[PDB]
Amino acid sequence: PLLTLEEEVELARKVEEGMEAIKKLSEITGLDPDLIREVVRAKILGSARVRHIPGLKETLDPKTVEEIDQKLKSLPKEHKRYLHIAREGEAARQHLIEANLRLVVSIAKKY
Amino acid sequence: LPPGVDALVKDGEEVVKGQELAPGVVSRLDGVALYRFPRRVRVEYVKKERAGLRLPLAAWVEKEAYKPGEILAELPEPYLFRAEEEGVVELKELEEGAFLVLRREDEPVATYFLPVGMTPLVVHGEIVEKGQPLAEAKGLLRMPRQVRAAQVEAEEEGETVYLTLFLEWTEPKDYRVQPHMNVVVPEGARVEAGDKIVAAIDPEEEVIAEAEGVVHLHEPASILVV
DNA sequence: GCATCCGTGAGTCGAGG
DNA sequence: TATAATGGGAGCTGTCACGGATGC
RNA sequence: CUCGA
């Protein structure tokens, strides 16, 4: 279904704050923002889609994403908060794209 | 949900299939209802004060405390509650009943409590002298439903009793939420001074809690049953 | 056990354009 | 890189016999 | 496609 202004703004906000949260998690963990993003995305999507990302220095397999997920879950509450922020960020991302798949058609039909 | 129409169910509560969610909405499934974008946030701020009231001794009913709606006294004839101080009148009417404050200069000099069945005979900003009638109590008089009497002190003088009531109640304040704003506080949560209720794009449009109170969400944009 | 829809064959060579 | 934009658009159909899933 | 055998 097509988004209302409120739903749209909400999702966009969740995405932005999610990215900021990934940045903060990179600050704390000392890890790579890209790696963290890929782990969060992996957990949100599921075991079905776990492939190696070109830019990553480490091959993205369920083992590594589990190690990183356990390195994330082992954080203090106020630090572990950003993880939840990030997860909901990715979810909002998926929903935002999927909600805006019609516009692409309406434009593409002219090319 | 249509504009300006409030929900019949509350946020977080279980739902049955077919059970109406609102005057125009019937839930097809069973589960947990959730509020989607509450457009009006009502905050019940907690107020604990100490007010006074003089009554005929015969009409009064002796109690150590008073629950809401409970009878405070019964007058056989119309009684005139009089000011025992001089000053300007600040009339603060609640849903039912009122708080009448007398002040000289900036400083408050008196604080009287008018229970239900006590028509105030003064307006806001009025100057009164001592002995002047502030309110007429006719027939039975009871505690308002929104205010409760925690403690009661009684001072016998002449053929009257003077009650120092330690009252506690809540006062509501509504806030209209705009689509670009987001409520960062759940239903029935307790806030203090300085705590944010609704966030916004720009700091000057944020909703910060003035004093201590509880949060209530009304008029959701829609309701998500899950 | 019998009608219905689908996929597939349907000559050779030669010439022009 | 920022007004807002949110589900396409082709489409004449004059044969025939078989193996087939089917599917009536 | 049209022509030829």
Side-chain angles (χ1 to χ4, degrees), chain A residues 1-27 31-46 48-49 51-57 60 82 84-111, chain B residues 1-5 7 11 21-22 24-29 31-41 175-184 196-208 217 219-226:
Chain A
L2 281 178
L3 299 177
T4 318
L5 178 59
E6 295 156 326
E7 301 172 319
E8 178 179 321
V9 173
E10 187 188 18
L11 294 169
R13 175 174 58 77
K14 297 194 196 307
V15 174
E16 198 156 290
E17 289 168 332
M19 294 189 60
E20 294 170 347
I22 300 183
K23 289 298 179 185
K24 233 65 177 63
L25 286 181
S26 177
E27 297 177 7
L31 255 49
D32 193 44
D34 311 88
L35 176 58
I36 299 176
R37 188 191 67 249
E38 292 304 318
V39 169
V40 173
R41 188 176 291 158
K43 286 301 179 182
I44 295 299
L45 296 176
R49 205 189 309 181
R51 215 193 81 201
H52 174 49
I53 313 299
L56 270 56
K57 302 177 299 180
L60 204 66
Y82 294 122
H84 304 75
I85 310 292
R87 296 281 194 96
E88 190 161 14
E90 291 292 335
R93 172 175 180 257
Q94 308 293 316
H95 191 18
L96 186 56
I97 306 169
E98 276 186 322
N100 285 286
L101 287 182
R102 295 165 191 241
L103 184 65
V104 175
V105 165
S106 65
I107 296 176
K109 68 178 178 182
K110 300 176 298 175
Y111 293 83
Chain B
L1 281 192
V5 180
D11 180 88
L21 220 59
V25 168
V26 167
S27 179
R28 289 207 198 99
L29 59 100
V32 176
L34 297 177
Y35 274 168
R36 308 307 305 184
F37 322 111
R39 308 206 186 102
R40 177 172 62 83
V41 179
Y175 297 87
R176 181 57 61 181
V177 184
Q178 301 304 327
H180 290 188
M181 302 165 61
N182 54 294
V183 183
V184 209
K196 183 192 302 180
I197 307 179
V198 186
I201 308 296
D202 310 87
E204 73 279 4
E205 299 155 4
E206 299 184 5
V207 179
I208 314 178
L217 292 323
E219 301 184 34
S222 56
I223 315 180
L224 170 62
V225 184
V226 180

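Just so it is clear, the values below take in all heavy atoms, side chains as well, and ignore hydrogens, waters and symmetry mates. To find a chain, count down the sequence lines: A is the first, B the second, and so on, and within it residues start at 1.
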What are the atom names and distances for every N/O pair under 3.5 Å that joins the protein to nucleotides 5-8 of chain D?
residue	atom	partner	partner atom	Å
D:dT6	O2	A:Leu103	N	3.0
D:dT6	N3	A:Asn100	OD1	2.6
D:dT6	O4	A:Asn100	OD1	2.9
D:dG7	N7	A:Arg102	NH1	2.7

If we take the P atom in both D:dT13 and C:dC6, what is their distance in whole Å?
-> 15 Å

Just name whichever nucleotide pairs with C:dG14, Watson-Crick or G-U, keeping both distances under 3.5 Å, else none.
-> E:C3

Sugar at D:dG19: north or south, per the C1'-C2'-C3'-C4' sign?
-> south

Nearest-angstrom distance, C1' atom, D:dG11 to C:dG14 = 40 Å

Taking everything shown except A:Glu17 itself, do over 12 heavy atoms lie less than 6.0 Å from its CD?
-> yes

A:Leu2 CG to A:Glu7 CD distance, which is reported to the nearest 0.5 Å | 9.5 Å

So do B:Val183 and B:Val41 actually touch side chain to side chain, heavy atoms under 4.5 Å?
-> yes

With rounding to whole Å, what would you report as the distance between D:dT15 and C:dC13 at their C1' atoms?
-> 26 Å

Considering only the P atoms, how many Å lie between D:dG23 and C:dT4, rounded to the nearest integer?
-> 13 Å

Evaluate the criterion salt bridge (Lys or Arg N to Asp or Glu O under 4.0 Å) for residue pair A:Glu90 and A:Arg93; output intermediate values, then yes/no.
-> CA-CA 5 Å; A:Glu90 291 292 335; A:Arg93 172 175 180 257; 3.6 Å; yes

Evaluate the criterion salt bridge (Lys or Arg N to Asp or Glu O under 4.0 Å) for residue pair A:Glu10 and A:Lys14; output intermediate values, then yes/no.
-> CA-CA 6 Å; A:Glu10 187 188 18; A:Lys14 297 194 196 307; 3.3 Å; yes

Using the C1' atoms only, state how far D:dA17 lies from C:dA3, rounded to an integer number of Å.
-> 16 Å

Distance, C1' atom - from D:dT22 to C:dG1, rounded to whole angstrom = 13 Å

Between CG on residue A:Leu5 and NE2 on residue B:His180, distance to nearest 0.5 Å = 4.5 Å

Using Watson-Crick pairs (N1 to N3, plus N6-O4 or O6-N4) and G-U wobble pairs, both distances under 3.5 Å, which stems of at least 3 pairs involve DNA chain D?
-> none

Sign check on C1'-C2'-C3'-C4' at C:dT12 (positive = north, negative = south) puts the sugar north

Measure the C1'-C2'-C3'-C4' torsion in the sugar of D:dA10, then label it north if positive and south if negative.
-> north

Would you say B:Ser222's side chain and B:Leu1's backbone share a donor-acceptor pair under 3.5 angstrom?
-> no

Without placing hydrogens or testing angles, list every side-chain donor-acceptor pair under 3.5 Å for residues 94-111 of chain A, not counting sequence neighbours.
residue	atom	partner	partner atom	Å
A:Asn100	ND2	A:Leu96	O	3.1
A:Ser106	OG	A:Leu103	O	2.6

So how far is it from B:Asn182 CG to A:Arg13 CZ, rounded to the nearest 0.5 Å?
-> 3.5 Å

The sugar of C:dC13: north or south, by the sign of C1'-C2'-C3'-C4'?
-> north

In Watson-Crick or G-U wobble terms, with both distances under 3.5 Å, the base opposite C:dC6 is none

Rounded to whole Å, NE2 of B:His180 lies from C1' of D:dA2 at a distance of 13 Å

Kindly check if D:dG8 and D:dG7, neighbours in the strand, have base rings whose centres sit closer than 5.5 angstrom and whose planes are less than 30 degrees apart?
-> no

To the nearest 0.5 Å, what is the distance between CD1 (A:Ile36) and CG (A:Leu25)?
-> 5.5 Å

Rounding to the closest angstrom, what is the interatomic distance between D:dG19 and C:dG7 at atom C1'?
-> 9 Å

Is D:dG11 north-puckered or south-puckered, judged from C1'-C2'-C3'-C4'?
-> north

Expressed in whole Å, how much space separates the P atoms belonging to C:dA15 and D:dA10?
-> 42 Å

